[PDB]
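Take a look at the structure below.
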Amino acid sequence: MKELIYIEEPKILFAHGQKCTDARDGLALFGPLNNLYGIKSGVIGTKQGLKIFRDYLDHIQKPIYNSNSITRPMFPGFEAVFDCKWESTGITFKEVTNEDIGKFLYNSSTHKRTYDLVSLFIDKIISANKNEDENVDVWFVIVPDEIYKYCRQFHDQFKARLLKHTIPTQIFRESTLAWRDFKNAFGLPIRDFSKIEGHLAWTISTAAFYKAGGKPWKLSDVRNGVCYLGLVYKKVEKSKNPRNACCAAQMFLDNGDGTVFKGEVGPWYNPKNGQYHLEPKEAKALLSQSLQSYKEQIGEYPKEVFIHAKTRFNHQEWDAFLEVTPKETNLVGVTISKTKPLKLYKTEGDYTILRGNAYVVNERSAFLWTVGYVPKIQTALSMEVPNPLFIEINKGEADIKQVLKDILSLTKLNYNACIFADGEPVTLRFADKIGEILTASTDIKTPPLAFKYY
RNA sequence: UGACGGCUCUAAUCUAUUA
DNA sequence: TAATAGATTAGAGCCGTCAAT
Numbered sequence: 001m002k003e004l005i006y007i008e009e010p011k012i013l014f015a016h017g018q019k020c021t022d023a024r025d026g027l028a029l030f031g032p033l034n035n036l037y038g039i040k041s042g043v044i045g046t047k048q049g050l051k052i053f054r055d056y057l058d059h060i061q062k063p064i065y066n067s068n069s070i071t072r073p074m075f076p077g078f079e080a081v082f083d084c085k086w087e088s089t090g091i092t093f094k095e096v097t098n099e100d101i102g103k104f105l106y107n108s109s110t111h112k113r114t115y116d117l118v119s120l121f122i123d124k125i126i127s128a129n130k131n132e133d134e135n136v137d138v139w140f141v142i143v144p145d146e147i148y149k150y151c152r205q206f207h208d209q210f211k212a213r214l215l216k217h218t219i220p221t222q223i224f225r226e227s228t229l230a231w232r233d234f235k236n237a238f239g240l241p242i243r244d245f246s247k248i249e250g251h252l253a254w255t256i257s258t259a260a261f262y263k264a265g266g267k268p269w270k271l272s273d274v275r276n277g278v279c280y281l282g283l284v285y286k287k288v289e290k291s292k293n294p295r296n297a298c299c300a301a302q303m304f305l306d307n308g309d310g311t312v313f314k315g316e317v318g319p320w321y322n323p324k325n326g327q328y329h330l331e332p333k334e335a336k337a338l339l340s341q342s343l344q345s346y347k348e349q350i351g352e353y354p355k356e357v358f359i360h361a362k363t364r365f366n367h368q369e370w371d372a373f374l375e376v377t378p379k380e381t382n383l384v385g386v387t388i389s390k391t392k393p394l395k396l397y398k399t400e401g402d403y404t405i406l407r408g409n410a411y412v413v414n415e416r417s418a419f420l421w422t423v424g425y426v427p428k429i430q431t432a433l434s435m436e437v438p439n440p441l442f443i444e445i446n447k448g449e450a451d452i453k454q455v456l457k458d459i460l461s462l463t464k465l466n467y468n469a470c471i472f473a474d475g476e477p478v479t480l481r482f483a484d485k486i487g488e489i490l491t492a493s494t495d496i497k498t499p500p501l502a503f504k505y506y
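According to the entry's author numbering, the stretch in the first sequence is residues 1 to 152, 205 to 506, in order.
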């Protein structure tokens, strides 16, 4: 019989310094940190798509209710939550006819049709950006449920191509905004959101508010002078080789004041297939870039660098890392994995193990429960029994207690969603996202480096 | 491309041995 | 220059998310 420890739930700081635990309740109670005066929407799509976006924008001005107000809080309305304006008066329609889509979708090759479709969309968007006097804050691409159905490659190539211009954008489908009318031939909706309409409104509003330059919440208590790196490896499929290792990183310092979260990127390439390791030159380049990007914004080098990863580091890349690291900087390499098939069971009956319990195997290895039961919403984050994260300190010296605490803290800032907390640290998740986007088109110089473009 | 969770399925690499 | 094999990694496609069957 072994023992479990408990890690206290982290706090996210809302407006006028009001700590809370749930992002939705903190927003519905206090509001986002900074105020946008309003959101100007540029909608590109068919006429039906324009009508769908219009009626959804008119719908989410009014309050939206979930089936149970405890498991999922109800949505008060966009202006109430965010003290902004995101309404149908600011729509700047750029029509795309259906015949133009048909001229491209009905070819043979999948690469050609996807390329032509992305070309039409991005060319219209770029023409609107360059030579129109409007100031569109976020572009909204309403794609019918006939484009993304047979284009898989649409989204990643889209975002990769629009990178040189830095235009925030957001993709929607009419099934997402008009699930009610997009039933099947049987007469039953395929995407039933009747009991979770408020949750969908929360997610959409949060994503759109962040893509327009608003910061909804931030970490409450994280010590200063410590930086975090999330390194992920992807496969460059369109290269000559079947696989080619691509390292993309997401950096997370706290700030001089608060909530800096950028992503130290510019993909580092390892040509040897299957070897998810960084050559000494690329390792030195990555660490130097991250250190400089911390330094010129803060002023002094970080006192602790926590290089998270889903892979174990070997010796060569590690000594490469310490080659470019200053003496005063503590450097730690943590490995987070979901491989271990451990599954605890609450013997008392219906519900699962409370989220936040750990199992310290030793000094340099522990299990953590990021997914579990949450008393505040009176329901677990998963349906089946949750899986733990095997957090093992691959390299360096660090307190496993503090490592688990920080890994549980970094699971809160998933700005792309409005959920209680993420099941993985957000550095790894966002590094994965921007690495997936940056490898779609292999010709980019100095990518934008800000998450609203990915 | 609303966002996650959980699933299965498909691969490749390293360490070893047996040529 | 081929086989099994533990351990370590990635990529891909899919269903559920209420209450009650």
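Built from N, CA and C at the ideal position, the CB exists for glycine as well.
Among the options, the one whose alpha carbon lies nearest that of residue i
i, options, result
"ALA301", "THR311, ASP451, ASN293, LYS286", "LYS286"
"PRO393", "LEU29, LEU383, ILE125, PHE419", "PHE419"
"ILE350", "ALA335, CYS279, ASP244, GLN368", "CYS279"
"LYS62", "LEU214, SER257, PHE206", "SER257"
"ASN66", "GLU352, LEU252, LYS497, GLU436", "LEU252"
"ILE7", "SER291, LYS457, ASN468", "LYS457"
"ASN468", "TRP269, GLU369, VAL413", "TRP269"
"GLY90", "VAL138, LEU490, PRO500", "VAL138"
"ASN293", "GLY326, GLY45, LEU283, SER109", "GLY326"
"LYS485", "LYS497, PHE472, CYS470, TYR505", "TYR505"
"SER88", "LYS333, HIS111, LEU50, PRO76", "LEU50"
Beta carbon of residue i nearer than 8 Å to that of residue j
i, j, result
"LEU462", "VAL478", "yes"
"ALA128", "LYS314", "no"
"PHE358", "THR391", "no"
"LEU271", "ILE12", "yes"
"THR387", "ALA410", "no"
"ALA264", "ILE39", "yes"
"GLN209", "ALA492", "yes"
"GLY424", "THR404", "yes"
"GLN341", "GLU375", "no"
"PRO378", "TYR346", "no"
"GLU415", "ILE452", "yes"
"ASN446", "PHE373", "no"
Coarse secondary structure for residue i, derived from DSSP in three states
i, result
"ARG295", "coil"
"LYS447", "strand"
"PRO332", "helix"
"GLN344", "helix"
"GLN327", "coil"
"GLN205", "coil"
"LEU4", "coil"
"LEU339", "helix"
"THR221", "strand"
"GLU226", "helix"
"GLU316", "coil"
"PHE238", "coil"
"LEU480", "helix"
"residue 517", "The first residue shown for the chain is 1 and the last is 506, placing residue 517 beyond what the model contains."
"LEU490", "helix"
Alpha-carbon spacing of residue i relative to residue j, whole angstroms
i, j, result
"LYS324", "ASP123", "36 Å"
"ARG152", "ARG113", "11 Å"
"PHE234", "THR228", "9 Å"
"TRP421", "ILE101", "47 Å"
"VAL43", "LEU240", "29 Å"
"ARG72", "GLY277", "36 Å"
"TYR115", "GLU289", "16 Å"
"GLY31", "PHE82", "6 Å"
"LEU339", "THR97", "48 Å"
"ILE64", "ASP58", "12 Å"
"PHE140", "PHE224", "7 Å"
"residue 509", "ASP474", "Not covered by the structure: residue 509. The range shown for the chain is 1 to 506."
"residue 507", "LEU27", "Residue 507 lies beyond the range of the chain shown here (1 to 506); nothing can be said about it."
"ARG481", "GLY282", "8 Å"
Which runs of the beta strand (DSSP E), 3 residues or longer, sit entirely within the region 409-437?
-> The qualifying runs are 409-414, 417-420.
Considering only residues of the region 243-300, which uninterrupted alpha helix (DSSP H) runs meet the minimum length of 4 residues and lie entirely inside it, listed in chain order?
-> 249-263
Segments of 4+ residues assigned as alpha helix (DSSP H) that fall wholly inside the region 11-77 = 23-29, 47-59
Note down, one range per segment and in chain order, each beta strand (DSSP E) of at least 3 residues found wholly within the region 366-399.
-> Listed in chain order, the complete beta strand (DSSP E) runs (minimum 3 residues) inside the region 366-399 are 382-389.
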